[PDB]
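Protein chains in written order, with the numbering used here: chain A, 1 to 313; chain B, 1001 to 1314; chain C, 2001 to 2314; chain D, 3001 to 3313. Heads up, the beta-carbon is just placed ideally off N, CA and C, and yes, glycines get one too.
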Amino acid sequence: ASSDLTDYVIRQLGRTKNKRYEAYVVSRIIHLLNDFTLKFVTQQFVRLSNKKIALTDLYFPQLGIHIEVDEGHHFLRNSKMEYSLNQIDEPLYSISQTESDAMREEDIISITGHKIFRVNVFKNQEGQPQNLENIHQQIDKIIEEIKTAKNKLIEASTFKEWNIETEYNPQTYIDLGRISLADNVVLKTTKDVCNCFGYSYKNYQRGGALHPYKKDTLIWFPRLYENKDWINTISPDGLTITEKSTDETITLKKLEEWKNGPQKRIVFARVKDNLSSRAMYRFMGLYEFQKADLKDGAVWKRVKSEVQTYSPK
Amino acid sequence: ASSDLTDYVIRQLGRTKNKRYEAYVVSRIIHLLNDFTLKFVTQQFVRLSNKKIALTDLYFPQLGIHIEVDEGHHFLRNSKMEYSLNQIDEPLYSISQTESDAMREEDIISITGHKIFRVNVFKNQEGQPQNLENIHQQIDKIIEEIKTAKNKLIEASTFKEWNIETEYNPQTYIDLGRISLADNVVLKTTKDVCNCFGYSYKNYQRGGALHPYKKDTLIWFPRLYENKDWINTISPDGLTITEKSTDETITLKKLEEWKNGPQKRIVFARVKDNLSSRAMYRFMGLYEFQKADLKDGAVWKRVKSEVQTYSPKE
Amino acid sequence: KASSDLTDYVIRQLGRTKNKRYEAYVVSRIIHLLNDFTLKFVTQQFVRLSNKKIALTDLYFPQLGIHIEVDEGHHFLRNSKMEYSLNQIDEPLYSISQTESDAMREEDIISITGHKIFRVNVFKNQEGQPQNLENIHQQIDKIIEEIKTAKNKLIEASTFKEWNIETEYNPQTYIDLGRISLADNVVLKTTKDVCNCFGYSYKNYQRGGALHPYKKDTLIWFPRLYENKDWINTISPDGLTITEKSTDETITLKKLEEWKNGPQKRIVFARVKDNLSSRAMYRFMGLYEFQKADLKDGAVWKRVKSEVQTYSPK
Amino acid sequence: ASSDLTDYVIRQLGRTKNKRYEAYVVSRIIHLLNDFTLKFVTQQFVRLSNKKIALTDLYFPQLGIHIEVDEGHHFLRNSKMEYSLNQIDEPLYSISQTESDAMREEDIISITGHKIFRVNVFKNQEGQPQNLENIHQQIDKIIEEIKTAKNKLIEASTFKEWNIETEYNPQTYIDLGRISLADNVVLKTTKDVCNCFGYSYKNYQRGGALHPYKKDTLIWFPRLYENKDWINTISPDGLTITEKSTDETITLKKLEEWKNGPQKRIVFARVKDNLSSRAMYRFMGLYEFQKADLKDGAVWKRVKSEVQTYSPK
DNA sequence: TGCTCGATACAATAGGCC
DNA sequence: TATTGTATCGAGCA
DNA sequence: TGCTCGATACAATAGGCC
DNA sequence: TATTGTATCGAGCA
């Protein structure tokens, strides 16, 4: 019941820490904010413009807001990170590509529209930390920024309150009427996403399933990274997906299937749950086939950020 | 440099967790309180009635208030701790006696008179966690108890606000005029506690130091546990300290030495700093000699909780 | 190449922090005069006393089961956890206090039953007056002579197998042999190696035990033979008796029927700390068969076979 | 008390080790050689061709032979030791100038006519790679060299066996008739060395002693380094001692005393014991006054290495 | 239908590295 | 991290 | 000088983490 | 990466 919320919060604030001042700053933001109708995520993997994998310290999905602790390079529990400058809206802390290759299956999202606030814990680093008065000031301004964000969304009636029990349940989206990219939709299994579009399934094996009420649309469950069978990628923008095969012959023979098959795909990408290391499937949008190269394989572009959902037949 | 405060706070809330719900409860208490005139300590070692060594998750020394998270029983392997029942005002979590004699060097205080507030994190135990609203309520009432204790202290004019810069500097205690147990006075070395009483000392490596302004008292820096040369103990309430030695012969030769004088000793116990593991010296009181013997041998009873200080002597 | 492993080994063995005053001289002299590096040796070897305290010997030849200990009565050592005491003749005169014995539980601690101990008395008489180098060199020489006679006693029986660093921790050595014995003093770097002696292809193994692929009645087991948070396990000083219990009695009641009808034989490799460099290693204790379950005291595994047969990968 | 032997031997072989292979090589040499009629010293401080202070790992005084192990730059237990190249028979391991400034008082000798043998741990001239057995071969060769040296001296009857009990006793020296550098003589105190020349002293506190049996000689107990009162030096060959004062007034007022004073001095320098660091007095030689000036001070040249002794009068 | 087996999901953790 | 056992659901076969 | 030990510096190893 | 174990420095004292 509510205990699920309790456990979830505890676990998010109980991760092994990457930065020295992370735990303090995030815990103070959460506790002072004191709004648990707001879902948050800690150590959220994101993808930068340059395709390197990064992360942010605290992430509110509903508001599209990130919060990042700036310690500079010196003090890091993980020497597995690196400190660089990037686009204004992108984090300063990155993962080395060597271990970003083992982080493929992890849940990695797109920050394009999102805002990032920084907390500066060092006055004239290296060395001396800033006084707590300043840090508390930054944290307070951030907190009220968050609050005004939430109020802006409720005023636009685009804000859906967070419920643990209903969020992984297909019926809630069937009732809602749409699965939206902005509602941050992730479902526990393939059978569930199938059951949003009119299937009734005990469970589902396949890597794709035909959409019942649209013949030109295919429900797709790809790994958006490279695996043994397929080499797939998705741009930081979220707009461009490429689909190729580790064997070129399979690609060449997939050309015909792609051009003559369903031209639209509803994509649910397989991602590891950030807690509990488990299979999950996140809604990436409605994509339309564009062209099939032999070299670059298949290229799908995203026409829609929301799809209509249906009751079973 | 107000950065010392920041470092201190970060490191107190940055300890490796003993309990699963510890970080949450403590961090929320601190932030929602957010009064930093209040000094606090996490994972404070305490000494129960029995000789067993226990610990509390959050501790305010100025108010004599502890906060313990109760989960009881699962303690997140793999901890050296154990879940037991004890005196009403004492913690539920203790350490195995085997691991207790390992931790002797640690700074272990007396909880006599201190209040302990608990936070119950499980509705149906074992297993299921409770709802956040309830936990938050428990924490809120604890915060109110803290604030009202702070108020009953400030209005009685017994409250001394916390300062990092001045608390380890002897000059401030010379200016204050006294050193008390309520003040919770711990100094970083022997030379400082010596310089409190009128010494100019640059370094002091000896165990005892002759009191400049009083010839019946001795400044003492004992280890209150067993070590290489001699065996010392202190009662859980901090009333009585027993002095002995490994060799019975040197106890015999030191027996007459004890019997003639000096008959009083002001005590600072050598204790490891709760942060950064270096030696420090904590005022235990002003103690008086009651007895000579074998075995338990010398016995020092505590007759005073406060000692006056003195300017350097030239 | 890789003949530098022997160098590093010898340097590090003769290079430990000294436990005694005269240890280094005696041991170094013995090694250098012996000049046989086909004989593996160990310094400061931890041994299991019948009194159950931990003791140590200054020099240990495993292949010969022969120890050498230097006798300097009492005092002459400053500030170590060691203690002088009397025991059985074939047991050392130096031990660890029970308090620090339980802190050393994880270390490699061996049964000395059957092993002979030679002593070197370095003082003519008490007070620390040293004995002239003449009779000391005499003692060392007769010791070395006895050592060579022992090695000769083994080589004519074709029991003796020369020492090789590169092949001693390699499973394939013992698969070719094809037996693992106590006489060969076998210890492996990891569980997966142990499993790959008996017919497994494992790349890595994190599990507490694995079924014997070619024997349905036998289980490969990697116990901690001391107490930890999950289990309470003991092994007799002669290694003939191993007791297994669980800290919790609910875990305990669940394991009784599992044991009584489960596989009745266990090939045991105990988890021990490396004597140099402190990494986990696994020492073959024997093949034990289940003799009992009495539920306050847990399972009793008695030692039947001192040798086990290996197998090429399946 | 033949125990003093064993205590000396274990205390020499039991010093805090400077080098990684030092213990093994030295111990193997000593135990395999097995000749305790030969006095030896470990970590013996020496003075190089330059003013710099070096050390050798093993030293046989009687034979004038040193033994040094070469492990090179790294594997240093002491970070203040340096690795360089120097004169033909000179050690390769030195001490930093400032860290040798606290080492002034140590017993530092002249290596001029001394042979130094190196154990090459890693590799040797002509370039061959080595470990273990090759090291052993080197050690064995060295042992042989030592023996042939001893025999060479014992056939010329220049060899004198080591006895720990009498060697610090003035009586043996007043008995054999001569104190010389060949015997490596250092006593425990000033009263002893004075009693060697015929004084009866129970206790002697003074910087110099007028010789009973010669009016032209002066027994002297200098610190051959710089201290608060004096600036004194001695050349690496041991042939030249310079004496100056901290104050110039004292120097000028000592100039007349030098030119008109007794013009030859018997020098016993004040050096710390290599074991226990007690003050002891080593015989440098019989030096004759040569020259003086303000600018660099007084200059003494060594005329003779053998002084006659005398019975108390 | 009832059995055998294989792919997938998932929990558990020694080993090695920081 | 990387590896393997255990539990589960479905495909395949008799 | 010569001795004694707390404080300090730095290597050795215990612990956290993937 | 954080804590513990070992060696060195140096003020105070006889």
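Between the CA atoms of residue j and residue i - distance to the nearest angstrom
i, j, result
"B/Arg1302", "B/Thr1217", "13 Å"
"B/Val1271", "C/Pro2313", "57 Å"
"B/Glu1099", "A/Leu58", "38 Å"
"C/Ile2180", "C/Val2268", "11 Å"
"D/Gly3064", "D/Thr3112", "10 Å"
"A/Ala269", "A/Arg47", "15 Å"
"C/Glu2156", "D/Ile3146", "39 Å"
"D/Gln3171", "D/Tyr3204", "17 Å"
"C/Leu2295", "C/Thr2247", "12 Å"
"A/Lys160", "A/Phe40", "14 Å"
"B/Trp1300", "B/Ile1142", "38 Å"
"C/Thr2007", "D/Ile3088", "30 Å"
"D/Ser3200", "D/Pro3212", "11 Å"
"D/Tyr3225", "C/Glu2134", "41 Å"
"C/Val2026", "B/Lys1188", "44 Å"
Proximity test, Cβ basis, 8 Å: residue i and chain B
i, result
"C/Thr2099", "yes"
"C/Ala2103", "yes"
"C/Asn2079", "yes"
"C/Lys2053", "no"
"C/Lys2255", "no"
"C/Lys2229", "yes"
Rounded Cβ spacing between residue i and residue j (contact assumed at less than 8 Å)
i, j, result
"D/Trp3220", "D/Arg3282", "That belief does not hold up - the Cβ atoms of D/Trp3220 and D/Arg3282 are roughly 13 Å apart, past 8 Å."
"B/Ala1279", "B/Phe1289", "B/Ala1279 to B/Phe1289, Cβ: 26 Å. No contact."
"B/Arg1028", "A/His31", "5 Å"
"B/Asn1232", "B/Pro1061", "That belief does not hold up - the Cβ atoms of B/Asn1232 and B/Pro1061 are roughly 24 Å apart, past 8 Å."
"C/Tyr2084", "D/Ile3010", "Actually they are not in contact, since the Cβ atoms of C/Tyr2084 and D/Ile3010 sit about 20 Å apart, beyond 8 Å."
"A/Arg118", "A/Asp70", "5 Å"
CB contact check: residue i to chain C, cutoff 8 Å
i, result
"D/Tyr3024", "yes"
"D/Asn3274", "no"
"D/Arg3015", "no"
"D/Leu3032", "yes"
"D/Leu3239", "no"
"D/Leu3058", "no"
Beta-bridge partners of residue i, as assigned by DSSP
i, result
"D/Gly3261", "Beta-bridge pairing links D/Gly3261 to no other residue."
"B/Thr1217", "B/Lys1264"
"C/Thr2241", "C/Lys2302"
"C/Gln2045", "C/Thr2057"
"D/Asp3293", "D/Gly3297"
"B/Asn1232", "B/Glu1243"
"B/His1066", "B/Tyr1059 and B/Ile1116"
"C/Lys2273", "C/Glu2107 and C/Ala2280"
"A/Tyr93", "A/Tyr83"
CB contact below 8 Å: residue i versus chain A
i, result
"B/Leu1181", "no"
"B/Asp1007", "yes"
"B/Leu1210", "no"
Test: residue i CB closer than 8 Å to a CB of chain D
i, result
"C/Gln2138", "no"
Cβ-heavy atom distance, residue i to the ligand HEM, below 7 Å
i, result
"D/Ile3088", "The ligand HEM is not part of the structure shown, which contains no ligands of any sort."
- Query: At what residue ranges does the stretch 121-165 of chain A contain a whole run of the alpha helix (DSSP H), taking only runs of 4 or more?
  - Reply: With a minimum length of 4 residues, the continuous alpha helix (DSSP H) runs that stay inside the stretch 121-165 of chain A are 132-155.
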